[PDB]
Amino acid sequence: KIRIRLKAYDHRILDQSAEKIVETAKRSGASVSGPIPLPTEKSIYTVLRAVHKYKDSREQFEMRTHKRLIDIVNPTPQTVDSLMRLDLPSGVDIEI
Amino acid sequence: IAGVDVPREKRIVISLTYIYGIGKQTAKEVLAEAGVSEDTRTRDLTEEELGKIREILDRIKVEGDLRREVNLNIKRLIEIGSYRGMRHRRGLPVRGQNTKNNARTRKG
Amino acid sequence: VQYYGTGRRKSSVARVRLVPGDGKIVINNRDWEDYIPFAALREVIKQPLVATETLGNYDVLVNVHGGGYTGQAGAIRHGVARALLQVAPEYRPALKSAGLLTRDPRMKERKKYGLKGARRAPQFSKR
Amino acid sequence: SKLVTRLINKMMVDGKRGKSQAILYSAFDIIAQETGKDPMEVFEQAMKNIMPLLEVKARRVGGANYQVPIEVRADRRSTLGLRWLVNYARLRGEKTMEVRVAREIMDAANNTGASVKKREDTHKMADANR
Amino acid sequence: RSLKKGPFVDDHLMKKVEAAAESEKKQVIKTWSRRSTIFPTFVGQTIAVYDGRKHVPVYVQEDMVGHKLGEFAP
Amino acid sequence: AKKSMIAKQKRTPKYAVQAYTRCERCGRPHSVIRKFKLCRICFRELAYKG
RNA sequence: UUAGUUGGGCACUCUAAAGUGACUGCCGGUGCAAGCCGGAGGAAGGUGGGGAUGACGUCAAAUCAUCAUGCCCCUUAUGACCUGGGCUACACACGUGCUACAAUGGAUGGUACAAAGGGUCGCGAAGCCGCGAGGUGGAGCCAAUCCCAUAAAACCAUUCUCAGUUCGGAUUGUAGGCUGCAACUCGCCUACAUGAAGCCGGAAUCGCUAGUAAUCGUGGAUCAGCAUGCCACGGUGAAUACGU
Ligand SMILES: [Mg+2]
Ligand SMILES: [Mg+2]
Ligand SMILES: [Mg+2]
Ligand SMILES: [Mg+2]
Ligand SMILES: [Mg+2]
Ligand SMILES: [Mg+2]
Ligand SMILES: [Mg+2]
Ligand SMILES: [Mg+2]
Ligand SMILES: [Mg+2]
Ligand SMILES: [Mg+2]
Ligand SMILES: [Mg+2]
Ligand SMILES: [Mg+2]
Ligand SMILES: [Mg+2]
Ligand SMILES: [Mg+2]
Ligand SMILES: [Mg+2]
Ligand SMILES: [Mg+2]
Ligand SMILES: [Mg+2]
Ligand SMILES: [Mg+2]
Ligand SMILES: [Mg+2]
Ligand SMILES: [Mg+2]
Ligand SMILES: [Mg+2]
Ligand SMILES: [Mg+2]
Ligand SMILES: [Mg+2]
Ligand SMILES: [Mg+2]
Ligand SMILES: [Mg+2]
Ligand SMILES: [Mg+2]
Ligand SMILES: [Mg+2]
Ligand SMILES: [Mg+2]
Ligand SMILES: [Zn+2]
């Protein structure tokens, strides 16, 4: 009954966040699953290397985002506020 | 035979493709409305079939009659004065095809 | 209740099970000949079953999904190979000697940043 | 037998092996029908009867390319001569590809063909300036 | 164009000049509008299409159908 | 006119085919993407400092 | 259930965290040795593959306009505000290529499979009126939940004999389709008609050493439309290193 998805460009703006949310739900709620790791997206947006001339040799740059998830429904009042109190740790923003 | 001279040893669809107006598909349909089999040699196109085909193609521009259908329009373009006419009389592309590299098959 | 395994070759993946029977090989719910009409996977998808003297050990229902014509055909083999090994440990030596147990590591590569493909350097003359 | 890998498919420039397999099987079956011998042997007869005495090449003498005799290697000449065989089965105007390959192979088994006399094409040109 | 909306022509050359040449219609016009199309309603009058250098006068004949009001001055 | 090129392709253009995508960091008119609303080159220049 | 469909379940693929793995680690030949050549074991052998990173510096090293700054200048101005400029040619030579004389392929058909972006205007459904392209209408959500999207060329069938031949497709005639205020030069595509050059190519020359060359499609960034260009992705996938 709870859908709190996540997405960030880091393995540390979510891993600690998943640890915290899981700890809060396990202590508070009962019906809960394990940390479900959602997929990742990995771009390639290559460019040109020079200033004006010589466009036959260039480097590439990306912006890759992974995704995390969690879900828990049946619990108690201590887990009622989890979707809003214990959420996104440093570096990211995930909407319940 | 049928408007013009056709080969007498090739398939009818292939044989009927030797007129200025009879191509590869519009003649396949034309020979279909005449109710004649398409994969039989021109030898089997006997007097009955030859008459049927001749009556079939009598309304489709072909042979030297279908040549004034071309030159009248080009002469009209030359008389009108459009850039297409100027290029057609000269050898460059009538369309916008670029002729500072490899435009020779149409101009020598 | 059956011999289990997994497989892969080129860009494919397999999950082949050698369930006991007589030799009716069915690949991803299709006949032994409609899926592979040619003879490409006639011995190749069978030599792993004949890796030991066990051709009729199991009518192995197969499962190949993803990849290519021989990529999946190299995957059914990559599944049957471990199947005989999992059912019987002694089937490992036949896979090792036959040149059939190796996870084929060849795969397609990247594309260079200024070439004309993965390796084909362009053509150009100076004078 | 690497003929499928080196002649049909190698001249089948699409990296296709199925057409090579089909052509090879058809030629072998046609040979085994009319001649009565299995392909395991008659296909071998053309292995060493395709490399000429030497190769055909030009040598620069005093900075000018002149006629001198040079040869190709047991892999270079083997490769170029299997290529010449794939040409010899193809130089004729025979309609069917499999039939053409089978007929050239049978003629080579009978010691004749554009690959049988090709032993002089890369030899006589070099033997004319040895 | 070859679309499903039919003909088109710039209104500056036509609306108050070519569609309004009925009285004392024996003059030409320095029609800088070369985008327009020579519709059948303007047969007889003359428009001076601009080819870049000077507004070249144009004659509207019966066979002019099949060209713009500025395509005869390349 | 170069600093006046933010007034022909930036002012009020009176047609639907009178506006394209220059960059905003540098005023370059060519090679300017819209998924980062910027140009090339200068992404080798801002994506180094940060 | 027409079907992953609905329930059911993490079994399998899958996705992402911590491991394991590969190290001349063992055996043999050579070699005082370093090491070279085999073999084992092993998923891979020998810097596994590929990246990314380009020391000291040469072809007068560029930028005070990214920022800071020393000296020198303007202070009714060198400060602040108000607002308008150049296009595909063709007698020719030259570089990369795409199609071509492709059964390695053609009127049509049955129908296996990638990566990535982004997403609140952002794709945009279906149904829809059409061979092919547009307009009606909109399903889905702040997200592996909703869109672009449909991977097909393969493999497997019909007609054609290597074409001036049922090959090739420019060149033109006609009639259409879209996007775009508007397709005159100067967008692309389709249908009918037309049907050329072009038969493995001189001197010479380019790239390449295994998932590589060759070979067929798919996709993205620029963008209303316009790629045969660039940058990615897989299917099928070889010959050869005598040698300096
Ligand atoms: Mg025709
Ligand atoms: Mg002309
Ligand atoms: Mg054009
Ligand atoms: Mg063209
Ligand atoms: Mg040129
Ligand atoms: Mg030229
Ligand atoms: Mg040229
Ligand atoms: Mg799949
Ligand atoms: Mg082993
Ligand atoms: Mg290079
Ligand atoms: Mg170069
Ligand atoms: Mg040159
Ligand atoms: Mg032949
Ligand atoms: Mg735009
Ligand atoms: Mg710029
Ligand atoms: Mg930089
Ligand atoms: Mg081993
Ligand atoms: Mg480094
Ligand atoms: Mg570098
Ligand atoms: Mg120099
Ligand atoms: Mg500069
Ligand atoms: Mg030249
Ligand atoms: Mg064609
Ligand atoms: Mg198709
Ligand atoms: Mg055409
Ligand atoms: Mg017509
Ligand atoms: Mg696309
Ligand atoms: Mg040397
Ligand atoms: Zn910039």
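Chains D, B, A, S, L and G are the protein sequences, given in the same order.
The first sequence runs 35 to 130 under the working numbering.
The second sequence runs 99 to 206 under the working numbering.
The third sequence runs 396 to 522 under the working numbering.
The fourth sequence runs 254 to 383 under the working numbering.
The fifth sequence runs 13 to 86 under the working numbering.
The sixth sequence runs 70 to 119 under the working numbering.
We put the beta carbon where it would ideally sit given N, CA and C, even for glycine.
Check	Outcome
Neighbourhood of D:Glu75 by C-beta distance below 7 Å, restricted to the same chain and skipping five residues each side	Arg98 and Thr99
Any chain A beta carbon closer than 8 Å to S:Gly271	yes
Closer than 7 Å: B:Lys122 CB and nearest ligand 1 heavy atom	yes
C-beta atoms of D:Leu117 and D:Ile47 nearer than 8 Å	no
Backbone secondary structure at B:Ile178 - three-state DSSP	helix
Beta-carbon gap between D:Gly63 and D:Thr110 smaller than 8 Å	yes
Beta-carbon gap between A:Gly463 and A:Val408 smaller than 8 Å	no
Between the CA atoms of D:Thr80 and D:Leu120 - distance to the nearest angstrom	39 Å
Under 8 Å (Cβ pairs) to chain B, residues found in the region 49-68 of chain L	none
Under 8 Å between C-beta atoms of L:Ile59 and L:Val77	no
Cutoff 8 Å: D:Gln94 Cβ touching any chain A Cβ	yes
Quiz: which residues have CB nearer than 6 Å to ligand 3 non-hydrogen atoms	B:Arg193, B:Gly194 and B:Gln195
Candidates S:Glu347, S:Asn363, S:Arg330 and S:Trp337: closest to S:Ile261 by CA position	S:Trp337
Whole alpha helix (DSSP H) elements within the region 272-340 of chain S, 4-residue minimum	292-295
Other residues of its chain near S:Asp380: CB distance less than 6 Å, five sequence neighbours each side excluded	none
First and last residue of the uninterrupted beta strand (DSSP E) at L:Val68	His67 to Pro69
Chain A contact for D:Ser91 (CB, 8 Å cutoff)	yes
Proximity test, G:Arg113 beta-carbon vs ligand 16 heavy atom, cut-off 7 Å	yes
Closer than 7 Å at the beta carbon, the chain D residues around A:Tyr398	Neighbours of A:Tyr398 on chain D: none; closest Cβ ~31 Å, over 7 Å.
A:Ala513 CB to nearest heavy atom of ligand 10 below 7 Å	no
Proximal residues to B:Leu129 (C-beta, below 8 Å), its chain only, five neighbours per side dropped	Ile110, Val111, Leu114, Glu136, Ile151 and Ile154
Contacts that D:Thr110 makes with chain A (C-beta to C-beta distance below 9 Å)	What D:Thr110 touches in chain A: nothing, since even the nearest Cβ is about 42 Å away.
Identity of the residue in B:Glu177, B:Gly189, B:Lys198 and B:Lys159 nearest B:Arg204 by Cα	B:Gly189
Neighbour flag for B:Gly206 against chain L, beta carbons, 8 Å	no
Proximity winner among A:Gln518, A:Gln467 and A:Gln397, relative to A:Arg404 (alpha-carbon distances)	A:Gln467
Ligand 13 heavy atom lying under 7 Å from the CB of S:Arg345	yes
Proximity test, Cβ basis, 8 Å: D:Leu82 and chain G	yes
For D:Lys41, three-class secondary structure by DSSP	strand
Proximity below 8 Å, CB of A:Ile420 to CB of A:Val459	no
Ligand 16 heavy atom lying under 7 Å from the CB of L:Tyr62	no
Integer Cβ distance of A:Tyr453 from A:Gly402, believed to fall under 8 Å	Not quite, the Cβ-Cβ distance comes to about 15 Å (not below 8 Å), so this is no contact.
S:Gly315 versus S:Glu324: straight-line alpha-carbon distance, rounded	21 Å
Residues of the region 89-100 of chain G with Cβ closer than 8 Å to any Cβ of chain D, in chain order	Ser100
Beta carbon nearer than 7 Å to a non-hydrogen atom of ligand 5	B:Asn199 and B:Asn200
DSSP three-state assignment for D:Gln94, whether helix, strand or coil	strand
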